[PDB]
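Coordinates from input-v9.tsv are shown below (TSV, C-alpha atoms and all ligand atoms).
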```tsv
chain	number	residue	atom	x	y	z
E	1	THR	CA	-0.92	-28.13	10.28
E	2	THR	CA	-0.92	-24.35	10.20
E	3	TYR	CA	-1.22	-24.37	6.41
E	4	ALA	CA	-4.21	-26.73	6.60
E	5	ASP	CA	-5.77	-24.44	9.20
E	6	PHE	CA	-5.28	-21.54	6.80
E	7	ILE	CA	-7.03	-23.40	3.97
E	8	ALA	CA	-9.82	-24.34	6.38
E	9	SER	CA	-10.36	-20.72	7.50
E	10	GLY	CA	-12.02	-19.85	4.22
E	11	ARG	CA	-9.93	-16.67	4.11
E	12	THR	CA	-7.39	-17.59	1.42
E	13	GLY	CA	-8.95	-15.27	-1.19
E	14	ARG	CA	-8.77	-11.52	-1.52
E	15	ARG	CA	-9.84	-9.97	1.76
E	16	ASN	CA	-12.18	-7.02	2.02
E	17	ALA	CA	-11.68	-4.04	4.25
E	18	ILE	CA	-14.07	-3.67	7.18
E	19	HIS	CA	-16.13	-0.98	5.49
E	20	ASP	CA	-17.15	-3.35	2.65
X	1	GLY	CA	30.43	-2.09	20.17
X	2	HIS	CA	28.66	-3.46	17.14
X	3	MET	CA	30.25	-1.01	14.70
X	4	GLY	CA	33.80	0.18	14.33
X	5	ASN	CA	34.52	3.80	13.52
X	6	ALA	CA	34.12	3.58	9.74
X	7	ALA	CA	30.82	1.74	9.82
X	8	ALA	CA	29.42	3.96	12.58
X	9	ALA	CA	30.33	7.18	10.75
X	10	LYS	CA	28.91	5.80	7.50
X	11	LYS	CA	25.63	4.84	9.17
X	12	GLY	CA	25.38	8.22	10.92
X	13	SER	CA	25.97	10.10	7.69
X	14	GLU	CA	23.39	7.97	5.89
X	15	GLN	CA	20.82	8.68	8.60
X	16	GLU	CA	21.51	12.40	8.44
X	17	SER	CA	21.11	12.32	4.66
X	18	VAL	CA	17.68	10.73	5.05
X	19	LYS	CA	16.67	13.68	7.22
X	20	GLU	CA	17.82	16.09	4.53
X	21	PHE	CA	15.96	14.19	1.81
X	22	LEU	CA	12.76	14.09	3.82
X	23	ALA	CA	12.96	17.80	4.64
X	24	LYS	CA	13.07	18.61	0.93
X	25	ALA	CA	10.34	16.07	0.16
X	26	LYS	CA	8.02	17.64	2.72
X	27	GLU	CA	8.48	21.08	1.17
X	28	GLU	CA	7.67	19.65	-2.28
X	29	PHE	CA	4.62	17.80	-0.97
X	30	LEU	CA	3.18	20.78	0.88
X	31	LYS	CA	3.31	22.92	-2.26
X	32	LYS	CA	1.24	20.39	-4.24
X	33	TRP	CA	-0.94	19.63	-1.22
X	34	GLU	CA	-1.90	23.29	-0.94
X	35	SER	CA	-2.52	23.93	-4.66
X	36	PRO	CA	-3.72	20.65	-6.19
X	37	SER	CA	-3.80	20.00	-9.91
X	38	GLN	CA	-7.21	19.51	-11.50
X	39	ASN	CA	-8.82	18.80	-14.85
X	40	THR	CA	-5.72	17.72	-16.75
X	41	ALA	CA	-7.45	15.57	-19.41
X	42	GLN	CA	-10.87	14.44	-20.65
X	43	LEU	CA	-12.60	11.12	-21.26
X	44	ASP	CA	-12.46	11.18	-25.06
X	45	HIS	CA	-8.65	11.37	-24.86
X	46	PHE	CA	-8.72	7.63	-24.05
X	47	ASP	CA	-10.01	4.36	-25.45
X	48	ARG	CA	-11.37	2.02	-22.79
X	49	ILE	CA	-9.87	-1.47	-23.21
X	50	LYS	CA	-10.61	-3.76	-20.24
X	51	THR	CA	-11.65	-3.77	-16.58
X	52	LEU	CA	-8.60	-4.58	-14.44
X	53	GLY	CA	-10.22	-4.35	-11.01
X	54	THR	CA	-13.53	-3.70	-9.33
X	55	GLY	CA	-14.97	-2.98	-5.93
X	56	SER	CA	-17.49	-0.91	-4.08
X	57	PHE	CA	-15.36	2.07	-5.13
X	58	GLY	CA	-16.22	1.48	-8.77
X	59	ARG	CA	-13.80	0.03	-11.29
X	60	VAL	CA	-10.33	0.48	-12.70
X	61	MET	CA	-10.01	0.11	-16.46
X	62	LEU	CA	-7.03	-0.27	-18.71
X	63	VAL	CA	-7.19	2.63	-21.13
X	64	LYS	CA	-5.06	3.77	-24.05
X	65	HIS	CA	-4.34	7.44	-24.64
X	66	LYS	CA	-5.38	8.11	-28.23
X	67	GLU	CA	-2.66	10.62	-29.15
X	68	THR	CA	0.37	8.96	-27.54
X	69	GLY	CA	-0.68	5.32	-27.50
X	70	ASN	CA	0.32	5.03	-23.85
X	71	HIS	CA	-1.64	2.77	-21.56
X	72	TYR	CA	-2.96	3.88	-18.17
X	73	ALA	CA	-5.16	2.55	-15.38
X	74	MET	CA	-8.30	4.67	-15.10
X	75	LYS	CA	-10.24	4.54	-11.84
X	76	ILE	CA	-13.88	5.43	-12.44
X	77	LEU	CA	-16.13	6.40	-9.55
X	78	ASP	CA	-19.84	7.06	-9.78
X	79	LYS	CA	-20.44	10.34	-7.97
X	80	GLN	CA	-23.91	9.30	-6.82
X	81	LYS	CA	-22.61	5.95	-5.52
X	82	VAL	CA	-19.77	7.63	-3.62
X	83	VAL	CA	-22.27	9.94	-1.90
X	84	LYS	CA	-24.55	7.02	-1.04
X	85	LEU	CA	-21.69	5.04	0.50
X	86	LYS	CA	-20.57	8.07	2.57
X	87	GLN	CA	-17.19	8.21	0.82
X	88	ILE	CA	-17.03	11.86	-0.33
X	89	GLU	CA	-14.20	12.85	2.01
X	90	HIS	CA	-12.21	9.64	1.39
X	91	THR	CA	-12.54	10.05	-2.37
X	92	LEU	CA	-11.48	13.71	-2.35
X	93	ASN	CA	-8.63	12.85	0.01
X	94	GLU	CA	-7.35	9.96	-2.11
X	95	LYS	CA	-7.00	12.16	-5.18
X	96	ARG	CA	-5.51	15.00	-3.18
X	97	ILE	CA	-2.87	12.71	-1.71
X	98	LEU	CA	-2.08	11.06	-5.04
X	99	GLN	CA	-1.50	14.32	-6.86
X	100	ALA	CA	0.72	15.64	-4.03
X	101	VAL	CA	3.05	12.72	-3.25
X	102	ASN	CA	6.14	11.72	-5.21
X	103	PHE	CA	8.06	8.54	-4.47
X	104	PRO	CA	9.31	5.68	-6.68
X	105	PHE	CA	7.02	3.10	-5.08
X	106	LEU	CA	3.85	5.26	-5.04
X	107	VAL	CA	1.71	5.11	-8.18
X	108	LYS	CA	1.63	8.35	-10.16
X	109	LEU	CA	-1.58	10.11	-11.01
X	110	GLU	CA	-0.96	11.15	-14.62
X	111	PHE	CA	-4.34	12.86	-15.15
X	112	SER	CA	-7.60	13.50	-13.39
X	113	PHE	CA	-10.93	14.98	-14.42
X	114	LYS	CA	-14.68	14.67	-13.88
X	115	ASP	CA	-17.87	14.86	-15.92
X	116	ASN	CA	-21.58	15.05	-15.15
X	117	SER	CA	-21.66	11.52	-13.71
X	118	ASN	CA	-18.22	10.27	-12.81
X	119	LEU	CA	-14.83	11.02	-11.30
X	120	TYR	CA	-11.73	9.78	-13.11
X	121	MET	CA	-8.25	9.16	-11.79
X	122	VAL	CA	-5.83	8.15	-14.53
X	123	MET	CA	-2.82	6.43	-13.02
X	124	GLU	CA	0.17	4.78	-14.56
X	125	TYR	CA	-0.62	1.21	-15.56
X	126	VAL	CA	1.26	-1.24	-13.38
X	127	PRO	CA	1.19	-4.40	-15.47
X	128	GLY	CA	2.42	-7.06	-13.06
X	129	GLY	CA	-0.81	-7.30	-11.09
X	130	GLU	CA	-1.32	-7.68	-7.37
X	131	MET	CA	1.34	-9.18	-5.19
X	132	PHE	CA	-1.52	-11.23	-3.73
X	133	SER	CA	-1.88	-13.36	-6.89
X	134	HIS	CA	1.83	-14.05	-7.16
X	135	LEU	CA	2.04	-14.89	-3.48
X	136	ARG	CA	-0.85	-17.34	-3.63
X	137	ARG	CA	0.51	-18.94	-6.81
X	138	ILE	CA	4.16	-19.30	-5.74
X	139	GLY	CA	2.99	-20.17	-2.22
X	140	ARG	CA	5.51	-18.14	-0.23
X	141	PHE	CA	8.44	-15.89	-0.99
X	142	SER	CA	11.99	-16.69	0.04
X	143	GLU	CA	13.36	-14.40	2.72
X	144	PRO	CA	15.52	-12.45	0.21
X	145	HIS	CA	12.46	-12.04	-2.02
X	146	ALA	CA	10.25	-10.96	0.90
X	147	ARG	CA	13.01	-8.61	2.11
X	148	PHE	CA	13.28	-6.88	-1.30
X	149	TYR	CA	9.56	-6.01	-1.12
X	150	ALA	CA	9.69	-5.20	2.60
X	151	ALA	CA	12.53	-2.74	2.09
X	152	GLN	CA	10.40	-0.82	-0.40
X	153	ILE	CA	7.53	-0.64	2.10
X	154	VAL	CA	9.89	0.51	4.85
X	155	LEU	CA	11.14	3.37	2.68
X	156	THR	CA	7.63	4.22	1.49
X	157	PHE	CA	6.32	4.43	5.04
X	158	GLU	CA	9.39	6.43	6.08
X	159	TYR	CA	8.41	8.89	3.33
X	160	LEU	CA	4.67	8.87	4.07
X	161	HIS	CA	5.10	9.19	7.83
X	162	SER	CA	7.41	12.17	7.37
X	163	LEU	CA	4.44	13.86	5.67
X	164	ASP	CA	2.25	12.91	8.67
X	165	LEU	CA	0.36	10.48	6.40
X	166	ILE	CA	-0.86	7.26	8.04
X	167	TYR	CA	-1.45	4.63	5.35
X	168	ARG	CA	-3.73	2.05	7.07
X	169	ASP	CA	-4.42	-0.11	3.99
X	170	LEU	CA	-1.36	-2.37	3.71
X	171	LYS	CA	-1.91	-5.91	2.42
X	172	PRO	CA	-0.73	-7.97	-0.60
X	173	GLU	CA	-4.03	-7.23	-2.39
X	174	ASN	CA	-3.05	-3.55	-2.41
X	175	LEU	CA	0.52	-3.87	-3.69
X	176	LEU	CA	1.14	-4.07	-7.41
X	177	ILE	CA	4.28	-5.30	-9.16
X	178	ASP	CA	5.66	-3.20	-11.98
X	179	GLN	CA	7.59	-4.26	-15.06
X	180	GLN	CA	10.95	-4.12	-13.24
X	181	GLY	CA	9.64	-6.17	-10.33
X	182	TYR	CA	9.31	-3.23	-7.93
X	183	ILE	CA	6.29	-2.40	-5.81
X	184	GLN	CA	3.64	0.19	-6.49
X	185	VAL	CA	1.27	1.41	-3.75
X	186	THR	CA	-2.02	2.66	-5.29
X	187	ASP	CA	-4.88	2.99	-2.76
X	188	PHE	CA	-5.05	6.04	-0.51
X	189	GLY	CA	-8.72	6.26	0.45
X	190	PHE	CA	-8.00	5.19	4.02
X	191	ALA	CA	-4.86	7.30	4.36
X	192	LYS	CA	-5.10	10.29	6.70
X	193	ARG	CA	-2.80	13.24	7.25
X	194	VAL	CA	-2.66	13.60	11.04
X	195	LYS	CA	0.27	14.57	13.25
X	196	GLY	CA	-1.04	12.83	16.35
X	197	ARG	CA	-3.73	10.27	17.01
X	198	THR	CA	-6.80	9.25	15.11
X	199	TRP	CA	-9.67	6.90	15.94
X	200	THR	CA	-11.39	5.43	12.86
X	201	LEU	CA	-11.98	1.71	12.76
X	202	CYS	CA	-10.74	0.89	9.29
X	203	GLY	CA	-8.57	-1.63	7.56
X	204	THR	CA	-8.59	-5.34	6.89
X	205	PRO	CA	-9.01	-7.80	9.79
X	206	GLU	CA	-5.77	-9.78	9.35
X	207	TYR	CA	-3.74	-6.54	9.17
X	208	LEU	CA	-5.36	-4.57	12.02
X	209	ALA	CA	-3.12	-3.51	14.88
X	210	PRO	CA	-4.39	-4.35	18.35
X	211	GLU	CA	-4.91	-0.70	19.29
X	212	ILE	CA	-7.35	-0.39	16.38
X	213	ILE	CA	-9.31	-3.49	17.42
X	214	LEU	CA	-9.39	-2.21	20.99
X	215	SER	CA	-11.02	1.06	19.91
X	216	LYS	CA	-8.11	3.14	21.15
X	217	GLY	CA	-6.74	6.28	19.64
X	218	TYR	CA	-3.77	5.27	17.54
X	219	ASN	CA	-0.91	6.68	15.51
X	220	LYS	CA	1.40	5.80	12.64
X	221	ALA	CA	2.71	2.75	14.55
X	222	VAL	CA	-0.27	0.79	13.15
X	223	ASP	CA	1.53	0.89	9.80
X	224	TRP	CA	4.61	-0.76	11.32
X	225	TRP	CA	2.40	-3.46	12.85
X	226	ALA	CA	0.92	-4.02	9.39
X	227	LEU	CA	4.40	-4.26	7.90
X	228	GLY	CA	5.07	-7.10	10.34
X	229	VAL	CA	1.89	-8.83	9.16
X	230	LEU	CA	2.93	-8.35	5.52
X	231	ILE	CA	6.47	-9.66	6.01
X	232	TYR	CA	5.12	-12.66	7.87
X	233	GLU	CA	2.56	-13.45	5.16
X	234	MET	CA	5.11	-13.00	2.35
X	235	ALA	CA	7.59	-15.36	4.03
X	236	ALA	CA	5.07	-17.93	5.37
X	237	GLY	CA	2.42	-17.85	2.65
X	238	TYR	CA	-0.28	-17.16	5.26
X	239	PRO	CA	-0.75	-14.36	7.78
X	240	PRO	CA	0.15	-14.56	11.47
X	241	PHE	CA	-3.44	-14.29	12.70
X	242	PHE	CA	-6.31	-15.98	10.91
X	243	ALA	CA	-9.56	-17.78	11.75
X	244	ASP	CA	-12.99	-18.47	10.25
X	245	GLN	CA	-14.41	-15.16	11.37
X	246	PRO	CA	-12.95	-11.72	12.11
X	247	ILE	CA	-13.89	-11.79	15.83
X	248	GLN	CA	-11.64	-14.82	16.27
X	249	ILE	CA	-8.87	-13.08	14.32
X	250	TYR	CA	-9.06	-10.08	16.63
X	251	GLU	CA	-8.77	-12.35	19.68
X	252	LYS	CA	-5.49	-13.71	18.35
X	253	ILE	CA	-4.20	-10.26	17.36
X	254	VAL	CA	-4.76	-8.80	20.84
X	255	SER	CA	-3.45	-11.94	22.64
X	256	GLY	CA	0.24	-11.05	22.27
X	257	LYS	CA	1.08	-14.52	20.93
X	258	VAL	CA	2.46	-15.27	17.48
X	259	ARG	CA	3.90	-18.50	16.09
X	260	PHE	CA	6.35	-18.96	13.24
X	261	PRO	CA	7.07	-21.59	10.56
X	262	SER	CA	10.18	-23.61	11.39
X	263	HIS	CA	11.86	-22.28	8.21
X	264	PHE	CA	11.81	-18.66	9.42
X	265	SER	CA	15.31	-17.47	10.26
X	266	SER	CA	16.05	-16.28	13.77
X	267	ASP	CA	16.67	-12.80	12.40
X	268	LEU	CA	13.22	-12.78	10.81
X	269	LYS	CA	11.49	-13.98	13.96
X	270	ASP	CA	13.26	-11.30	15.99
X	271	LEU	CA	12.18	-8.56	13.58
X	272	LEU	CA	8.61	-9.84	13.54
X	273	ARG	CA	8.39	-10.09	17.33
X	274	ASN	CA	9.42	-6.41	17.46
X	275	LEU	CA	6.96	-5.28	14.75
X	276	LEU	CA	4.10	-7.50	15.96
X	277	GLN	CA	4.51	-6.07	19.43
X	278	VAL	CA	1.17	-5.40	21.12
X	279	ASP	CA	2.87	-3.04	23.62
X	280	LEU	CA	3.16	0.29	21.82
X	281	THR	CA	6.01	1.32	24.13
X	282	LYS	CA	8.08	-1.52	22.68
X	283	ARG	CA	7.08	-1.68	18.99
X	284	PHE	CA	9.74	-1.01	16.39
X	285	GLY	CA	8.95	2.11	14.42
X	286	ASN	CA	7.44	3.69	17.55
X	287	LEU	CA	10.59	4.13	19.65
X	288	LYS	CA	13.03	7.02	20.10
X	289	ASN	CA	15.18	5.66	17.26
X	290	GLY	CA	12.15	5.63	14.93
X	291	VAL	CA	12.49	3.87	11.59
X	292	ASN	CA	16.17	3.24	12.28
X	293	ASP	CA	15.34	0.34	14.59
X	294	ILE	CA	13.84	-1.39	11.55
X	295	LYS	CA	16.37	-0.35	8.90
X	296	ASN	CA	19.30	-1.29	11.14
X	297	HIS	CA	17.86	-4.66	12.15
X	298	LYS	CA	19.96	-7.74	11.41
X	299	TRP	CA	17.35	-9.10	8.99
X	300	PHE	CA	18.00	-6.04	6.79
X	301	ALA	CA	21.80	-6.15	7.13
X	302	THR	CA	22.26	-6.98	3.42
X	303	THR	CA	19.81	-4.27	2.28
X	304	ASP	CA	21.37	-1.34	0.38
X	305	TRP	CA	18.66	1.18	1.13
X	306	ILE	CA	19.93	3.75	-1.39
X	307	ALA	CA	20.20	1.10	-4.11
X	308	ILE	CA	16.60	0.07	-3.39
X	309	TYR	CA	15.46	3.71	-3.60
X	310	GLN	CA	17.41	4.18	-6.86
X	311	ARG	CA	15.88	0.94	-8.24
X	312	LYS	CA	19.36	-0.42	-9.01
X	313	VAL	CA	18.76	-3.73	-7.24
X	314	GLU	CA	17.91	-6.66	-9.50
X	315	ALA	CA	14.41	-7.78	-8.59
X	316	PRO	CA	14.03	-11.45	-7.60
X	317	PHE	CA	10.90	-11.79	-9.76
X	318	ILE	CA	9.87	-10.11	-13.01
X	319	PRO	CA	6.21	-10.67	-13.96
X	320	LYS	CA	5.46	-11.88	-17.46
X	321	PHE	CA	4.92	-8.92	-19.81
X	322	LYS	CA	3.94	-9.66	-23.43
X	323	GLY	CA	4.05	-5.98	-24.39
X	324	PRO	CA	2.13	-2.84	-23.46
X	325	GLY	CA	-1.57	-3.23	-22.88
X	326	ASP	CA	-1.01	-6.80	-21.73
X	327	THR	CA	-3.48	-7.66	-18.93
X	328	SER	CA	-2.62	-11.31	-18.32
X	329	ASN	CA	-1.67	-10.60	-14.68
X	330	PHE	CA	-5.22	-9.38	-13.94
X	331	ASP	CA	-8.57	-11.12	-13.66
X	332	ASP	CA	-11.42	-11.07	-16.15
X	333	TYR	CA	-14.46	-8.99	-15.21
X	334	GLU	CA	-17.87	-8.41	-16.76
X	335	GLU	CA	-17.66	-5.23	-18.79
X	336	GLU	CA	-20.26	-2.55	-18.02
X	337	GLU	CA	-20.89	0.64	-19.98
X	338	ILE	CA	-19.68	4.04	-18.79
X	339	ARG	CA	-22.83	6.17	-18.72
X	340	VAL	CA	-22.45	9.96	-18.69
X	341	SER	CA	-25.68	11.84	-17.93
X	342	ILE	CA	-26.75	15.04	-19.70
X	343	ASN	CA	-27.29	16.38	-16.14
X	344	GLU	CA	-24.48	17.08	-13.68
X	345	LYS	CA	-24.82	14.99	-10.52
X	346	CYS	CA	-23.41	15.92	-7.09
X	347	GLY	CA	-21.66	19.05	-8.35
X	348	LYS	CA	-21.08	20.92	-5.07
X	349	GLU	CA	-19.80	17.81	-3.29
X	350	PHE	CA	-16.93	17.35	-5.74
X	351	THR	CA	-15.92	20.95	-6.50
X	352	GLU	CA	-12.41	20.24	-5.19
X	353	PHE	CA	-11.88	17.22	-7.43
A	1	LIG	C1	-8.62	-3.40	-7.10
A	1	LIG	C2	-7.97	-2.04	-7.35
A	1	LIG	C3	-7.93	-1.18	-6.11
A	1	LIG	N1	-7.01	-1.80	-5.15
A	1	LIG	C4	-5.64	-1.84	-5.66
A	1	LIG	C5	-5.57	-2.69	-6.92
A	1	LIG	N2	-6.59	-2.23	-7.88
A	1	LIG	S1	-6.30	-2.24	-9.49
A	1	LIG	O1	-5.43	-3.35	-9.74
A	1	LIG	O2	-7.55	-2.15	-10.16
A	1	LIG	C6	-5.38	-0.77	-9.80
A	1	LIG	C7	-5.63	0.30	-8.98
A	1	LIG	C8	-4.91	1.48	-9.12
A	1	LIG	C9	-3.94	1.59	-10.08
A	1	LIG	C10	-3.65	0.50	-10.94
A	1	LIG	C11	-2.63	0.55	-11.93
A	1	LIG	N3	-2.35	-0.46	-12.76
A	1	LIG	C12	-3.09	-1.57	-12.66
A	1	LIG	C13	-4.09	-1.75	-11.75
A	1	LIG	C14	-4.39	-0.70	-10.83
```
Whole structure, structure tokens version:
Amino acid sequence: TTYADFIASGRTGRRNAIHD
Amino acid sequence: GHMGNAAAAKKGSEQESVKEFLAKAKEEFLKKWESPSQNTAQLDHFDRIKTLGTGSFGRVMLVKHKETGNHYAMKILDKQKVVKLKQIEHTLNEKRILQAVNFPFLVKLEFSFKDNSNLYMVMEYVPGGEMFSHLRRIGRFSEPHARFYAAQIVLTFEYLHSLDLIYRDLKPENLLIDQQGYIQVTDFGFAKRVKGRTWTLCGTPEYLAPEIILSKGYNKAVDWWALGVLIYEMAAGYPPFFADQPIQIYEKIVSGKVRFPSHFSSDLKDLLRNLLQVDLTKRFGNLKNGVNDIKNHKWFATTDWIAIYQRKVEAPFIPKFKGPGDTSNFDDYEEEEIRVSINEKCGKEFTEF
């Protein structure tokens, strides 16, 4: 499912800006 | 047509009144922009309580003003670290913007000052924490709940764009919830005052507009793209474009394809298809009708824009607040000392601060 794909992306936490 | 006489005249009058409001707001902003306030407090006016947030920028601490007892959020930047990270201009600009703007959903800079080692921005303390936490905890927001927040961002961007400010840093991590449940926008390091186009690759992968990814010159329409991302994530619980790695995210963003949860209303999908429009000639917020295409969209038909601006709408969610100084909506961080050297560091660089 899309939700499962989101969990699997590893990007569920706070996301940094590109410059970081 | 879609409106009879009464509704059409009411809408027209409302849209004219916005113009009048924004004209006055620009005059007020330009006065403060051109003569910024400086040096309105000092460090020993405050007791440092707890770190609320951290980053490469430095940290933000909850502080208490000794005389008044009022709590504030104090952003502390190490002048030498800012220089090393090539962030002098961004740091000066952030403070200059913050002391010049005035809007109910933009955090207020109550004091600022510097010492031999550090720069300090003392902002109002917004005790509800980041939208991000609430979103991840609750899972997703109902469409009315998402709309209440979205309406505040629409008005805030309407205000900022009228000042020729592009925001460029929209995401749930960067939106705080205040004690009445309303939004506060705090971070302005990536904001830029430009009338036309600009070219810097900056932002967060999931929220980047295609024209940024594609290394084009771009304009304030990237903020309306990012609003579409935010509304989608608030209502779905996950963003429209995600993947293991940013390069894969960018591929999806530029592809022109987006998919929606089955629980999204048709009105919401229509709005999002018009905000998440890769073709700049077709993106809402970038057309002849400007912000009106968004504000007059069916998904916002129940939104009383003036009532939102006046903060007379009952928020759908009030964060827990066990009294002033309460930090339960923030994370726990390791507490470092605040060292102030006997020797001024990077003086010339930060004259304007
Ligand atoms: C991570 C940093 C910078 N990004 C926005 C959120 N924050 S912050 O939560 O510390 C944060 C930043 C600015 C003002 C604040 C006011 N009240 C509470 C917290 C505040």
Sorted by chain and rising residue number, which residues of chain E lie within 12 Å of ligand LIG 1 (chain A), and what are their closest atom pairs and distances in Å to one decimal, counting only C-alpha atoms and all ligand atoms, as a tab-separated table?
```
residue	atom	partner	partner_atom	distance
E:14	CA	A:LIG1	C1	9.9
E:15	CA	A:LIG1	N1	11.1
E:16	CA	A:LIG1	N1	10.3
E:17	CA	A:LIG1	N1	10.7
```
Using all atoms listed in the file, select each residue of chain X with any atom at most 8 Å away from an atom of chain E, and give the selection as a compact mmCIF listing (two decimals) with C-alpha atoms, in the coordinates of the input.
```
# COMPACT_ATOMS: atom_id res chain seq x y z
CA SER X 56 -17.49 -0.91 -4.08
CA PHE X 132 -1.52 -11.23 -3.73
CA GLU X 173 -4.03 -7.23 -2.39
CA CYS X 202 -10.74 0.89 9.29
CA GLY X 203 -8.57 -1.63 7.56
CA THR X 204 -8.59 -5.34 6.89
CA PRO X 205 -9.01 -7.80 9.79
CA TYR X 238 -0.28 -17.16 5.26
CA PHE X 242 -6.31 -15.98 10.91
CA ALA X 243 -9.56 -17.78 11.75
CA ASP X 244 -12.99 -18.47 10.25
CA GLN X 245 -14.41 -15.16 11.37
```
Using Å and a single decimal, report how far atom CA of residue X:30 sits from atom CA of residue X:110. 18.7 Å
Long-range neighbours of residue X:134 as a list in words, 12 Å cut-off, only C-alpha atoms, 6 positions minimum in chain: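 With the cut-off at 12 Å, the set is residues 128, 140, 141, 145, 172, 173, 175, 176, 177, 181, 234, 237, 317, 318, 319, 320, 329 and 330 of chain X.
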From atom CA of residue X:180 to atom CA of residue X:290 the spacing works out at 29.8 Å
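Closest approach to residue X:277 from the set X:89, X:211, X:314, X:336 is made by X:211, with distances taken over all atoms listed in the file.
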Please supply stretch 273-290 of chain X, rebuilt with N, CA and C atoms, as a PDB file, in the frame of the given file.
```
ATOM      1  N   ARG X 273       8.804 -10.277  15.948  1.00  0.00           N
ATOM      2  CA  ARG X 273       8.390 -10.090  17.330  1.00  0.00           C
ATOM      3  C   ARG X 273       8.433  -8.617  17.749  1.00  0.00           C
ATOM      4  N   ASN X 274       9.321  -7.823  17.146  1.00  0.00           N
ATOM      5  CA  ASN X 274       9.420  -6.410  17.460  1.00  0.00           C
ATOM      6  C   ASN X 274       8.446  -5.551  16.657  1.00  0.00           C
ATOM      7  N   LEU X 275       8.006  -6.004  15.477  1.00  0.00           N
ATOM      8  CA  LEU X 275       6.960  -5.280  14.750  1.00  0.00           C
ATOM      9  C   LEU X 275       5.582  -5.686  15.232  1.00  0.00           C
ATOM     10  N   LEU X 276       5.375  -6.980  15.464  1.00  0.00           N
ATOM     11  CA  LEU X 276       4.100  -7.500  15.960  1.00  0.00           C
ATOM     12  C   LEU X 276       4.056  -7.468  17.477  1.00  0.00           C
ATOM     13  N   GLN X 277       4.401  -6.315  18.001  1.00  0.00           N
ATOM     14  CA  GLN X 277       4.510  -6.070  19.430  1.00  0.00           C
ATOM     15  C   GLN X 277       3.231  -5.345  19.860  1.00  0.00           C
ATOM     16  N   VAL X 278       2.424  -5.999  20.693  1.00  0.00           N
ATOM     17  CA  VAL X 278       1.170  -5.400  21.120  1.00  0.00           C
ATOM     18  C   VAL X 278       1.416  -4.174  21.995  1.00  0.00           C
ATOM     19  N   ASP X 279       2.518  -4.156  22.731  1.00  0.00           N
ATOM     20  CA  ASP X 279       2.870  -3.040  23.620  1.00  0.00           C
ATOM     21  C   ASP X 279       3.442  -1.916  22.772  1.00  0.00           C
ATOM     22  N   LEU X 280       2.691  -0.824  22.631  1.00  0.00           N
ATOM     23  CA  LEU X 280       3.160   0.290  21.820  1.00  0.00           C
ATOM     24  C   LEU X 280       4.477   0.859  22.322  1.00  0.00           C
ATOM     25  N   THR X 281       4.750   0.769  23.629  1.00  0.00           N
ATOM     26  CA  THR X 281       6.010   1.320  24.130  1.00  0.00           C
ATOM     27  C   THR X 281       7.212   0.497  23.711  1.00  0.00           C
ATOM     28  N   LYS X 282       6.997  -0.638  23.053  1.00  0.00           N
ATOM     29  CA  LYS X 282       8.080  -1.520  22.680  1.00  0.00           C
ATOM     30  C   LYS X 282       8.124  -1.815  21.186  1.00  0.00           C
ATOM     31  N   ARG X 283       7.184  -1.291  20.396  1.00  0.00           N
ATOM     32  CA  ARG X 283       7.080  -1.680  18.990  1.00  0.00           C
ATOM     33  C   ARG X 283       8.080  -0.908  18.152  1.00  0.00           C
ATOM     34  N   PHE X 284       8.830  -1.644  17.337  1.00  0.00           N
ATOM     35  CA  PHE X 284       9.740  -1.010  16.390  1.00  0.00           C
ATOM     36  C   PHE X 284       8.969  -0.095  15.460  1.00  0.00           C
ATOM     37  N   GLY X 285       9.596   1.035  15.138  1.00  0.00           N
ATOM     38  CA  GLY X 285       8.950   2.110  14.420  1.00  0.00           C
ATOM     39  C   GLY X 285       8.249   3.100  15.316  1.00  0.00           C
ATOM     40  N   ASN X 286       8.102   2.795  16.611  1.00  0.00           N
ATOM     41  CA  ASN X 286       7.440   3.690  17.550  1.00  0.00           C
ATOM     42  C   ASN X 286       8.354   4.109  18.691  1.00  0.00           C
ATOM     43  N   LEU X 287       9.650   3.848  18.584  1.00  0.00           N
ATOM     44  CA  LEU X 287      10.590   4.130  19.650  1.00  0.00           C
ATOM     45  C   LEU X 287      11.371   5.397  19.332  1.00  0.00           C
ATOM     46  N   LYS X 288      12.232   5.801  20.272  1.00  0.00           N
ATOM     47  CA  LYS X 288      13.030   7.020  20.100  1.00  0.00           C
ATOM     48  C   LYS X 288      13.790   7.010  18.794  1.00  0.00           C
ATOM     49  N   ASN X 289      14.386   5.873  18.462  1.00  0.00           N
ATOM     50  CA  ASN X 289      15.180   5.660  17.260  1.00  0.00           C
ATOM     51  C   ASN X 289      14.327   5.535  15.992  1.00  0.00           C
ATOM     52  N   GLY X 290      13.002   5.586  16.101  1.00  0.00           N
ATOM     53  CA  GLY X 290      12.150   5.630  14.930  1.00  0.00           C
ATOM     54  C   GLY X 290      12.384   4.492  13.952  1.00  0.00           C
TER      55      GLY X 290
END
```
